[PDB]
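Novice: Quick one: the structure is below, questions incoming.
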Amino acid sequence: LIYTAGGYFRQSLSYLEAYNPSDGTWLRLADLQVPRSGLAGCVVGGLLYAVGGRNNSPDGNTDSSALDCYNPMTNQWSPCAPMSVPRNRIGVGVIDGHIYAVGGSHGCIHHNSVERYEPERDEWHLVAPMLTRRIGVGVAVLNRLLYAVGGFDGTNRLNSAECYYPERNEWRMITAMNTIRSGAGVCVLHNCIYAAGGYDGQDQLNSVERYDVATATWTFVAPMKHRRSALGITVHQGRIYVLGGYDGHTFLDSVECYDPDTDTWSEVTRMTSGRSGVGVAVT
Amino acid sequence: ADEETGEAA
Numbered sequence: 327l328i329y330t331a332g333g334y335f336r337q338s339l340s341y342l343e344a345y346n347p348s349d350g351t352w353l354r355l356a357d358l359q360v361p362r363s364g365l366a367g368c369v370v371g372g373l374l375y376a377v378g379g380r381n382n383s384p385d386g387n388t389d390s391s392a393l394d395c396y397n398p399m400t401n402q403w404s405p406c407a408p409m410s411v412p413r414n415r416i417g418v419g420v421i422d423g424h425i426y427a428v429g430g431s432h433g434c435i436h437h438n439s440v441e442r443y444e445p446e447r448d449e450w451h452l453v454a455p456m457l458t459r460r461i462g463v464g465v466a467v468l469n470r471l472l473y474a475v476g477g478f479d480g481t482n483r484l485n486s487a488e489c490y491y492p493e494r495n496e497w498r499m500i501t502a503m504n505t506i507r508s509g510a511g512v513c514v515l516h517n518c519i520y521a522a523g524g525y526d527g528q529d530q531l532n533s534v535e536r537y538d539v540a541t542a543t544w545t546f547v548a549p550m551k552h553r554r555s556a557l558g559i560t561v562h563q564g565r566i567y568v569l570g571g572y573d574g575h576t577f578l579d580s581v582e583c584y585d586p587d588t589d590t591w592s593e594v595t596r597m598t599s600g601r602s603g604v605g606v607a608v609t
Numbered sequence: 077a078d079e080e081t082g083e084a085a
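Heads up: the sequence lines are chains A and P, in that order. Residues in the first sequence are numbered consecutively from 327, following the deposited numbering. Residues in the second sequence are numbered consecutively from 77, following the deposited numbering.
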């Protein structure tokens, strides 16, 4: 099902709320040990991981270097080794088991650093950093390659995207998106990299566009109904779900669904409560 | 509130 961990509405949240569009409604599960927003969700071996973020509370604002797994049979969280640095507004992209932690911020410092960690040695090792410092970065994996998409460098919000070549441990700039997007929702559907919504420094976005690898072009697809940045995103059996986010005024509970074969974005259902900055994955 | 995430400073 579609799980969402963390988020923010007045303070960082511990929530965990699996959803099933074939079930129709939601389900509440084990709370995160430490509240988190600006985190990323990913599944490795059915094991739902929660990476980086921060706890923005009435008594603090602690950037999280933590990594935490939730076995969905046992319903219990478990602390795994911590990253080299805290990463608020992180991106992550699963790659043959090993988890990739991308960019993010710690205080004033916008990372270009990247580090990996797999469920075996439970260690973090720094790899080549990105060409760009990126927080609010969207991350995707296509043909066993890692794409970092959009984000914010401290001063400029980005339309650029860059690709990590593991066998060479270097980053290469690719064709930029048509739109500057920080805090967008980025995922692979079919074999295109999708990039939905985000913020360009003036306005939240409802536009969506997708990247075709063979032609290296970013085609503009159907836009969503409600502009949103800091949204969750995931693909559930060949369709796209965006959950929550911020539109400059409101913390959204709206969940829209994109149907590719018709190119239409419909609002299937909403969340139990509006929130931004969640981690989303599927297992 | 953060223009992008809405979170407080």
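Quick reminder that beta carbons are idealized off the backbone N, C-alpha and C, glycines included.
At which residues does the beta strand (DSSP E) containing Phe546 (chain A) begin and terminate?
Specialist: 543–546
Novice: Determine, using beta-carbon pairs with one atom in the segment 349–358 of chain A and one in the segment 408–416 of chain A, whether at least three such pairs fall under 8 Å.
Specialist: no
Novice: Is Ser555 (chain A) close to chain P? Criterion is C-beta to C-beta, closer than 8 Å.
Specialist: yes
Novice: Use the C-beta contact count for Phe546 (chain A): other C-beta atoms within 10 angstroms, 16 or more gives buried, fewer gives exposed.
Specialist: exposed
Novice: Starting from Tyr334 (chain A), find everything on chain P with Cβ-Cβ shorter than 8 Å and list it in chain order.
Specialist: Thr81, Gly82, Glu83
Novice: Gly367 (chain A): which of A:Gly333, A:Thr388, A:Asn387 sits nearest, CA to CA?
Specialist: A:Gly333
Novice: Assign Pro405 (chain A) to buried or exposed, taking buried as 16 or more other Cβ atoms, counted over all protein chains shown, within 10 Å of its Cβ.
Specialist: exposed
Novice: Taking just the CA atoms, how far does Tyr426 (chain A) sit from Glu496 (chain A)?
Specialist: Here the alpha carbon of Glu496 (chain A) sits roughly 14 Å from the alpha carbon of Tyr426 (chain A).
Novice: Find the residues of chain P that neighbour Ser363 (chain A), judging by a C-beta separation of less than 7 Å, and give them in chain order.
Specialist: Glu83
Novice: Can you tell me where the beta strand (DSSP E) holding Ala556 (chain A) begins and where it ends?
Specialist: Run containing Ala556 (chain A): none; DSSP gives neither H nor E here.
Novice: Inspect the beta-carbon positions of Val594 (chain A) and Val606 (chain A) and report whether they are closer than 8 Å.
Specialist: no
Novice: Check the Cβ-Cβ distances between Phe577 (chain A) and every residue of chain P, and say whether any is below 8 Å.
Specialist: yes
Novice: With three or more beta-carbon pairs closer than 8 Å as the criterion, would you say the segment 546–559 of chain A touches the segment 484–494 of chain A?
Specialist: no
Novice: Could you tell me how far apart the beta carbons of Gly523 (chain A) and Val465 (chain A) are, in whole angstroms, since I believe they sit closer than 8 Å?
Specialist: That pair is no contact at about 15 Å.
Novice: I want to see whether chain P comes within less than 8 Å of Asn382 (chain A), judged by CB atoms only; does it?
Specialist: yes
Novice: Can you list, in chain order, the residues of its chain whose CB lies under 7 Å from that of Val418 (chain A), leaving out five sequence neighbours each side?
Specialist: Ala366, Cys368, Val377, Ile425, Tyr426, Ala427, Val428, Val465
Novice: In or out: residue 301 (chain A) buried (at least 16 other Cβ within 10 Å) or exposed?
Specialist: It is not possible to answer for residue 301 (chain A), since the shown part of chain A is limited to 327 through 609.
Novice: Select from A:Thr458, A:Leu373, A:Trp450, A:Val453 the residue whose C-alpha is nearest the C-alpha of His436 (chain A).
Specialist: A:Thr458
Novice: Counting only runs of 3+ residues fully inside the segment 362–444 of chain A, write out the beta strand (DSSP E) ranges in chain order.
Specialist: 366–370, 373–377, 380–383, 386–389, 393–397, 402–406, 425–428, 440–443
Novice: Who are the neighbours of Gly603 (chain A) on chain P, taking C-beta pairs under 9 Å?
Specialist: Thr81, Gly82, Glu83
Novice: Among A:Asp573, A:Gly430, A:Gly371, which has the Cα closest to the Cα of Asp389 (chain A)?
Specialist: With distances taken between CA atoms, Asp389 (chain A) lies nearest to A:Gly430 out of A:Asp573, A:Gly430, A:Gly371.
Novice: With 16 other CB atoms within 10 Å as the buried threshold, where does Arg362 (chain A) fall?
Specialist: buried
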